[PDB]
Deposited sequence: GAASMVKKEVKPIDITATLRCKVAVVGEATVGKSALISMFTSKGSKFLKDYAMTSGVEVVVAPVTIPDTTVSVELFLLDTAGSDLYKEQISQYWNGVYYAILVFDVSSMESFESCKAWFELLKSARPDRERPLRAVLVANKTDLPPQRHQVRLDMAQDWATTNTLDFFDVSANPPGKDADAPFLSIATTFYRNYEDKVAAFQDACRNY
């Protein structure tokens, strides 16, 4: 490890059709080092992203005390408009499905490339933005380079509201 002084953990639903190559995006983000750890740039903080590809999500979901999903990485395939559509539906009921309606669903949209036989990136960036979502295009053809950005993005978004809540706590208890 670096000089890691805090390890935070974060359940991230990784949703999107089977044929958008979720496995690849995760495994490469995962394998890349050699549960997906990333340390937040310019900190001694490491964040372990618990990546729930949709039999995993289900296991989680029917466990006792299960407490919803509030972080998500939505993946689609530039090659299939319909894969994009699915992301949007997912997204909306993930927002609906939250036990706590006062915690915003934090998500990231990713454009991928299933190397196997159409979406408008154009429109996707716009939608993303309109819904306040970071948007990351992988499809370009860097399999390997920036698979990380989404995960790092989401992990950072999580980091930050940790720090938020933690300060809030120090506020609430002196003395």
So which bits of the deposited chain never got modelled? 1-11, 46-60, 81-82, 146-149, 208
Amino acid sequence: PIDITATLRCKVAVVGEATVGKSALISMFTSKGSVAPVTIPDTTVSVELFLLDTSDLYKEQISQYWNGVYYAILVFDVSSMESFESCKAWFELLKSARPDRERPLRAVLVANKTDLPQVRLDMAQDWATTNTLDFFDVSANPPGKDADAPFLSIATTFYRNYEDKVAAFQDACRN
From here on, numbers count along this sequence of modelled residues.
Entry-level comparison of average CA B-factors, 12-20 and 162-170, reporting the higher stretch: 12-20
Which is higher in the entry, the mean Cα B factor of 134-142 or that of 43-51? 134-142
Whose CA atom has the top B-factor in the entry, of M123, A149, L116, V108? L116
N175, C-alpha B-factor rank within chain (lowest, middle or highest third): highest
Third of the chain's Cα B-factor distribution that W127 belongs to, per the entry: middle
Is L74 in the lowest, middle or highest third of its chain when residues are ranked by C-alpha B-factor? lowest
Taking the chain's C-alpha temperature factors as the reference, tell me which third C87 falls into: lowest, middle or highest. middle
